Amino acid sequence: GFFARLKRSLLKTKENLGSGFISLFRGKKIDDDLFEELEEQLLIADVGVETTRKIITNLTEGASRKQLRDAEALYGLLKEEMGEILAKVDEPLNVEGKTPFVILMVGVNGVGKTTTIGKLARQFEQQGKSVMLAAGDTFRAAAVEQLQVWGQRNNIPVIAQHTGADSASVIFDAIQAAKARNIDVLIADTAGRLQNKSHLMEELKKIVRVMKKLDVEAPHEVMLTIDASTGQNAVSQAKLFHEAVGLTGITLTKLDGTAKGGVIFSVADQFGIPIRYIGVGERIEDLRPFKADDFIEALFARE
């Protein structure tokens, strides 16, 4: 769905990756120099050191068994190698059948986490589910009020406490109120300060502990939001949160507005954590369920 808009949103990434490789292979023979030029181009596009070597090695071996001499035929092999990486993390989120389904949202500030919560909320509401938000980012007084106003405007209940309250208590109350009110989906926001890395990770563990007192299956999803325009910073952030709490899903925002599109391959390859959604714009449908076949087609389409 919205395939054309996904192609348009990858325009800047497509200068270097996917269809941006056609110019490199044009009128050329398969020589080590092309593989070395291909290798710079992937590294420039933020595909990542380990992921690039795997692509170059698999491409090189792949073109040898198939006796290819023309560089243009590498395009097909490159498309399937990079689709293979993304296909391993294609697994859309299913939030049905729980009372409530609890989504704990983790990430650093500025990556677009609250924006992501808002769009998910609206999308779930469009499907006939009731939704409830927990303002677990308790020390940022402004953000908490922004969120409550947004709930008012959108008829979505937002559970909150005074500034500086315990994050686990707020989220504890939200689960109580959500079970009482027959909510299908609870989404909890969290703090995004990694300045003291030990403090946030310990806070997030306290939240999960408290949640398990109420439902031993909660959180049903631990989801990370990372920003594709921060390059390898997203890779690093994913590593910290995965080790500390155990991510079950990733949302990658802002693929529009960046020539750094390779980062999706790097997070897909290093971690194998299902990528649930990609953000490609400011519309609610811009938060799209990630499908690897469509992404690869949009990226490699020959405009």
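Quick note: we count residues from 1 along the sequence shown, nothing fancier.
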On average, which has the higher Cα B-factor in the deposited entry, 140-148 or 90-98?
140-148
Once average C-alpha B-factors are taken from the entry for 24-32 and 238-246, the winner is 24-32
For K129, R209, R193, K119, the deposited C-alpha B-factor is largest at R193
Highest Cα B-factor in the PDB entry belongs to which of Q123, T115, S229, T225?
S229
Cα B factor band for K12 (lowest, middle or highest third within the chain)
highest
Where the record places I159 (Cα B-factor, split into thirds across the chain)
middle
Relative to the other modelled residues of the same chain, rank the CA B-factor of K179 and answer lowest, middle or highest third.
middle
Among the modelled residues of its chain, does the C-alpha B-factor of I296 lie in the lowest, middle or highest third?
lowest
Tertile call for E39 (CA temperature factor, within chain, third-based) is the middle
